[PDB]
Amino acid sequence: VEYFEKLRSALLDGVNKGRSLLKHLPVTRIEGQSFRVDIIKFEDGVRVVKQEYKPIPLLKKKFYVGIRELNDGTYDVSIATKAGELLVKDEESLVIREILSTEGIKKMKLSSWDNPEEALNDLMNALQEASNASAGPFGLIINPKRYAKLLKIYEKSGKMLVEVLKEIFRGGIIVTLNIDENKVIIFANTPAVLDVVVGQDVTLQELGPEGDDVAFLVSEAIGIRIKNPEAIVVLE
Amino acid sequence: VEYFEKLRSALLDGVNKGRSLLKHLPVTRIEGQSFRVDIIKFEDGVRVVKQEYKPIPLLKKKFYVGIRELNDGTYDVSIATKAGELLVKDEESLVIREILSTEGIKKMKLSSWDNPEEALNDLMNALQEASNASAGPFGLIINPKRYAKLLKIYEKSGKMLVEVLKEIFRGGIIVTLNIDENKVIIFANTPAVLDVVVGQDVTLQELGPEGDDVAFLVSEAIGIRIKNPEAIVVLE
Amino acid sequence: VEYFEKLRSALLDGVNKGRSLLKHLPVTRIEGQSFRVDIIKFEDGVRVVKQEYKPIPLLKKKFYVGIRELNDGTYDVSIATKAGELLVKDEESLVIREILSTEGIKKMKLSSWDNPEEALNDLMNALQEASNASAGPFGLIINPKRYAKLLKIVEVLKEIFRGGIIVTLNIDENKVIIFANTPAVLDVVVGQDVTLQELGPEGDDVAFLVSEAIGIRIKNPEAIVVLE
Amino acid sequence: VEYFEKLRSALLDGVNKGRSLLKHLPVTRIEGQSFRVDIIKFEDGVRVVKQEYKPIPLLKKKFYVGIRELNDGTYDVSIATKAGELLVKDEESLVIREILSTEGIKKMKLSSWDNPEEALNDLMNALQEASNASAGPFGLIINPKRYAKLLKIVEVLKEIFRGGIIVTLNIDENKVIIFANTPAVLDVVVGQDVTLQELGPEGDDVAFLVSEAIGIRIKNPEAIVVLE
């Protein structure tokens, strides 16, 4: 009836408020429960060296709205929000946790970033190493605390280091709180290397009266596939 | 016959997004499999000092798409991408190696670009040298590793060195990965000096079923015509 | 929605493939929860000698199918099948259990068949005692282990036990039932056919309930003989 | 052109005549390269106890028909048949190979049948252990050599092993499989039916590729018993 369309709406408008990583990476909507990871390399021609099948896990958060409240009209839609808001935090964390564990991605030394010069360096180096794999536009994923270290006037003119970096990393600068403050991901933002496989979208399901309140289920099928580890660099 | 038009597109794109040299040097669409270089010089007048016929070699790069995947439609178009992406690496590498080997080009001492001022000099001096042969806009082919040094701020000016170098060198700053980190080419970016002749564009040809997969052939005819060796100077 | 009708079917064509005893016994539909059992004997005419009311107990079996699977259509209908298989097993052993505990049924001494001339005897003997009640075809309900020891030559059982030779692990290995297969003797009364009900979301999966009402009426106990 | 449709047929009506095991097992179509295996057990209801993803491997067999023959129409379609025959043999032994290497399956001691009273025992025993998992009909997969030594009287196997008696040289002579033939236990999942593909001119003949995607899902390992 009502309490639904409203709850679901507040669920989504709470998912967007916290979703960032998934707004920039390339997403491919699959129809299944698992996907294949075709790893291509060069041996007497560019061909698929290793094939691998990975399952798309199910992400879910459940929220409960009082029965009574659902009838008074006195229910707090913000519950749904805290739910979705919480979903993406896991969704985002998943992606990052996987990229970081993927076998193949290159790892380099992440410095302090107190001298723009120093930070710009780390980035420029990571960027090169990665470019060797794919020319595709490059972007980086960083935590606010680091992002801040980039908010400095670089050229006596007035251009901030960030602004310069934005011209270099056309893949975008993804700032998320879900990545450890001391880890930076440099990557080719191209489906030919990075791919967020979507098995099931985000959906609100009304389980049902489980106590003095109704139970609800927010869930989504999601997973990333790294087709070209070589094109990703992690600054640890 | 859709898996083709798709692969070709992925190819052509990846090829394009990877080209650097071929986007800035001047190109001439030739006809045959060879071209003639009329080397122009000044000896009691501007005249053709030496004629020379050069053959345009064929650049090949082949990829294989599984048949299974080709049938159920789960083939990864990204192979075509990596393919062409790789094609250029040879295509550029060729042109570069061929310039560097051409006799007549001038060579100067390339220092370590740690003190922007030195770099700014080397470049300004190479500029001078080339300026003797031509006058046409001057540009430079340079490896990302060196280009980065140019992003540091030239203290005495307060701008990134690059930003200054772009004031001189209207020929463009070609940054390619296909030129020894420690070799820089300054040159007159003019058809009257440099010239990339293309015998055959980049094309995707479906070789044919060879095992469990289908073979494909990415290929192109290409070469550089250097008419004024003296308008090219290599910092090595 | 749709995964229902599909589960429902796998449920049935799992119950139908599993039924054995219940395929040989006569059946009657009754709309209710209890039924009346009429003991039919001959005393100056075929007459009803004793009345008696029994309740048709409910047989249930539940299964759960993941929520996800039900949504993305990748659920394994076999689940329903397994449910049905079990339902039947319970249903079958229930009938047997109840026959064995009915009033009049005649009991004889079953001898561990090791000396193959006594085996055929014990059967032929029971089948005799049975015949004294009702002449209708005779059925045999024996555990497979007994049907095993019964192989040492047995091919004419099908010639003598026309009523049917039900071999099932649902009757204690050390018991054998010989009965006159006929309405005048026993019959299955069904209060509710097998039905699939979608209970609902119950954790991470949806719950389903397979159920049926069913019982047996032994009208002429004397026509039944157990070998304990 | 036309020699295709003709080769294709000989290919099929060669695969169809050769299939054995695969004719008795239940089958399910799946559009994909991998499938999910659901372990179905009973724990307060028929429920899925374990998930797991397997990939459907590709089965291929190729044959070559002379260029000439293909042109003057004197090609021997039997070639395609032989191809198909082989495809099946590979397909069959693949299923068997995989059953034998599945997780839960119960293993028992198979005794070289030389003393005919032990033979029937080993089978009857396995068939027992199996029954404790699923009651569905039981199947027997035995090498012919064993089906040989099993002839010294065996005629009731068809009476006890209703699930089917698959005799094939595809199962190691010294191994025997007894299983509950039912979806609730195992089933074949096909990702791609048998298909004929004309690769092309490759020397003096044209090359052809026969292929198919196929695998087995053991949902209830306990319902399977190997005799090693």
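Please treat every number below as a calculation from the coordinates, not as lab data. Note that each Cβ is placed from the backbone with ideal geometry, even for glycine, and that neighbours are counted across all protein chains shown.
What is the order of B:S131, D:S101, fewest Cβ neighbours within 10 Å to most? Please list the in-between numbers first.
Working: B:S131 15, D:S101 9.
Fewest-to-most ranking of B:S131, D:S101: D:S101, B:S131.
What number, rounded to the nearest 500 deg cm²/dmol, is the helix-based mean residue ellipticity at 222 nm of the protein assembly as shown, given -39500 (n - 2.57) per DSSP H run of at least four residues and division by all its residues?
On the way: 28 runs with 301 residues, N = 928.
Taken over the protein assembly as shown, the calculation gives -9500 deg cm²/dmol.
How long is region A:58-192 along each principal axis, judged by its Cα atoms, biggest number first, in Å?
The principal-axis extents, from largest down, are 61, 39, 24 Å.
Modelling each spin label as a point 7 Å along the Cα-to-Cβ direction, I'd like the B:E155/C:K23 distance in nm, to one decimal.
Distance between the two pseudo-spin positions: 9.7 nm.
First check a/c for region D:134-211, with a ≥ b ≥ c the square roots of the eigenvalues of its C-alpha gyration tensor; if it is under 1.5, answer rounded, and if not, answer prolate when a/b is larger than b/c or oblate otherwise. Write down the numbers at each step before the final one.
Numbers: a/c = 4.11, a/b = 1.91, b/c = 2.15.
Since a/c reaches 1.5 but b/c is at least a/b, the shape of region D:134-211 is classed as oblate.
Name the shape class, rounded, prolate or oblate, that the alpha-carbon gyration tensor gives for chain A, where a ≥ b ≥ c are the square roots of its eigenvalues, rounded holds for a/c under 1.5, and otherwise prolate holds if a/b is larger than b/c and oblate otherwise. Walk me through the intermediate numbers first.
Values: a/c = 3.07, a/b = 1.55, b/c = 1.98.
Verdict is oblate for chain A.
Nearest 5 is fine: what % of DSSP beta bridges in the protein assembly as shown come out antiparallel, could you say?
Numbers: 143 of 187 bridges.
Taking every DSSP beta bridge with both residues in the protein assembly as shown, the antiparallel ones total about 75 percent.
Taking chain B as the reference, fit the longest principal axis to its C-alpha atoms, fit the long axis of helix B:2-18 to the helix C-alpha atoms, and give the angle between the two in degrees, 0 to 90, nearest 10.
Relative to chain B, helix B:2-18 is tipped by roughly 10 degrees.
Under a point spin-label approximation (7 Å from Cα along Cα-to-Cβ), what is the D:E5-D:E69 distance to one decimal in nm?
Label at D:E5, label at D:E69, 2.2 nm between them.
Could you tell me whether region B:20-104 comes out rounded, prolate or oblate from its Cα gyration tensor? Rule is a ≥ b ≥ c as square roots of the eigenvalues, rounded for a/c under 1.5, then prolate if a/b exceeds b/c, otherwise oblate. All intermediate terms of the calculation are to be shown ahead of the outcome.
On the way: a/c = 3.97, a/b = 3.17, b/c = 1.25.
It is prolate, given that a/c is not under 1.5 and a/b is the larger ratio.
Taking the beta-carbon count within 10 Å as an exposure proxy, list C:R29, D:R19 from fewest neighbours to most. Working shown, then result.
Numbers: C:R29 10, D:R19 16.
Exposure proxy ranking, most exposed first: C:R29, D:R19.
Given a Förster distance of 51 angstrom, what is the FRET efficiency for A:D72 paired with C:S211, based on the Cβ-Cβ distance and rounded to 0.05?
With a Förster radius of 51 Å, E is 0.85.
How big is the protein assembly as shown by Rg and Dmax over its Cα atoms, in Å?
Rg then Dmax for the protein assembly as shown, in Å: 39.8, 150.
Mind checking the dipole of region A:85-203: about its Cα centre, +1 per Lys or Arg Cβ, -1 per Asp or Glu Cβ, Debye to the nearest 20? Walk me through the intermediate numbers first.
On the way: 14 positive and 18 negative charges, 85 e Å.
The dipole magnitude comes to about 400 debye.
Order these by the 10 Å Cβ neighbour count, fewest first: C:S78, B:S78. Walk me through the numbers before you get to the answer.
Working: C:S78 26, B:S78 23.
Ranked by crowding around the Cβ, least crowded first: B:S78, C:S78.
Where a Cα-Cα gap under 20 Å defines reach, which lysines qualify for D:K175, not counting those fewer than 8 residues away within the same chain?
D:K89, D:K106, D:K107, D:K109, D:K145, D:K149, D:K152, D:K158
About its Cα centre, how strong a charge dipole does the protein assembly as shown have in debye, to the nearest 20, once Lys and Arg get +1 and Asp and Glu get -1 at the Cβ?
Details: 124 positive and 142 negative charges, 162 e Å.
I would put it at about 780 debye.
Please identify every one of the GluC sites (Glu not before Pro) in region C:89-147 that sits in a loop by DSSP and has no more than 16 other beta carbons within 10 Å of its own beta carbon.
Details: sites: C:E91, C:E92, C:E98, C:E103, C:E117, C:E118, C:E129; in loops: C:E103, C:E117, C:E118.
Taking region C:89-147 and a limit of 16 other Cβ atoms within 10 Å, the loop GluC sites (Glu not before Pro) found are C:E103, C:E117, C:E118.
Which net charge results when you count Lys and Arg as +1 and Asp and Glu as -1 among the other residues whose beta-carbon is under 13 Å from that of D:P137?
On the way: positive: C:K17, C:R19, D:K158, D:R162; negative: C:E85, D:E159.
Overall, the nearby charge balance is +2.
Counting only C-alpha contacts under 8 Å and six or more residues apart, can you give the relative contact order of region B:139-236 as a whole percent? Let's see the in-between values first.
Details: 158 pairs, mean separation 28.7, N = 98.
Relative contact order for region B:139-236 comes out at 29 percent.
Indicate, rounded to the nearest 5 percent, the antiparallel portion of the DSSP beta bridges found entirely in chain B.
Numbers: 35 of 46 bridges.
Roughly 75 percent of the DSSP beta bridges within chain B come out antiparallel.
Please give me the summed charge of the neighbours of B:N132: other residues whose Cβ is under 13 Å from its Cβ, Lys and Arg +1, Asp and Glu -1. Before the final figure, lay out the partial values.
Numbers: positive: B:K41, B:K106; negative: B:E129, B:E230.
Charge balance in the 13 Å sphere: 0.
Which pairs break 27 Å Cα to Cα here: B:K89/B:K149; A:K106/B:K60; A:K62/C:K6?
On the way: B:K89/B:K149 23 Å; A:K106/B:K60 29 Å; A:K62/C:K6 29 Å.
Table pairs above 27 Å Cα-Cα are A:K106/B:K60; A:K62/C:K6.
Over chain B, what is the mean sequence separation of C-alpha contacts under 8 Å (at least six apart), divided by residue count, expressed as relative contact order in percent?
Working: 480 pairs, mean separation 73.9, N = 236.
Once divided by the residue count of chain B, the mean separation gives 31 percent.
Give me the distance between the Cα centres of region B:184-214 and region C:12-60, rounded to whole Å.
Here the answer is 87 Å between Cα centres.
Skipping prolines and chain starts, which residues have an amide H placed within reach, meaning under 5 Å, of the one on B:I56, given they are 5 or more residues away or on another chain?
Under 5 Å from the amide H of B:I56 lie the amide H atoms of B:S34, B:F35, each far enough along the sequence or on another chain.
Determine the sum of side-chain charges near C:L196: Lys and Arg each +1, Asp and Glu each -1, restricted to other residues whose C-beta is under 12 angstrom from that of C:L196. Let's see the in-between values first.
On the way: positive: C:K6, C:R8, C:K60, C:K61, C:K62; negative: C:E5, C:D193, C:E198, C:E212.
Combined, the nearby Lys, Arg, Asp and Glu give +1.
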